[PDB]
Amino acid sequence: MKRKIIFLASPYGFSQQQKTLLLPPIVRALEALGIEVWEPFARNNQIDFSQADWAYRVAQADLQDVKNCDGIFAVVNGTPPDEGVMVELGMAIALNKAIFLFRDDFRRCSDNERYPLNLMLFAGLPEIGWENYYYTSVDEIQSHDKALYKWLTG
């Protein structure tokens, strides 16, 4: 028995209130599906401005977590999405990880008409049916008709 591993990428650890109120409900949503959630702010233990001697080790721990996970769950909220989440999203695409995006932000920050965001954030997703991997609410995370559930059971 080995549960699937999801790297939960988000900018929510940068804010004290967001870290304590927004991440735990998302973590619970994924693990009600049996997932082992790798949350980088708690794992790599970054709670304030990372010191000069600590910044490389945090980057390497996030680099290694992306290499050793099965899928990424990228909170792509904000205008624009957080640049650290994007670096790790591109690493997950190049390494053929399962890709899932989350944005409950109704603002559109896009360079095209087909996607709500920059089109490169969707390069790792199919041309038709990418919306199945695009979650717009925390309640939607556990939908048995969406891609994350079908990736665990399929």
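Each residue number is its position in the shown sequence, starting from 1.
- Checked against the record, the higher mean CA B factor of 142-150 and 6-14 lies with 142-150.
- In this crystal structure, the stretch out of 45-53 and 24-32 whose C-alpha atoms carry the higher mean B factor is 45-53.
- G84 sits in the lowest third of its chain by CA B factor, as recorded in the PDB entry.
- When the modelled residues of the chain are ordered by C-alpha B-factor, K67 sits in the middle third.
- The entry lists a Cα temperature factor for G90 that places it in the lowest third of the chain's modelled residues.
- Ranked by C-alpha B-factor against the other modelled residues of its chain, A123 falls in the highest third.
- When the modelled residues of the chain are ordered by C-alpha B-factor, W38 sits in the lowest third.
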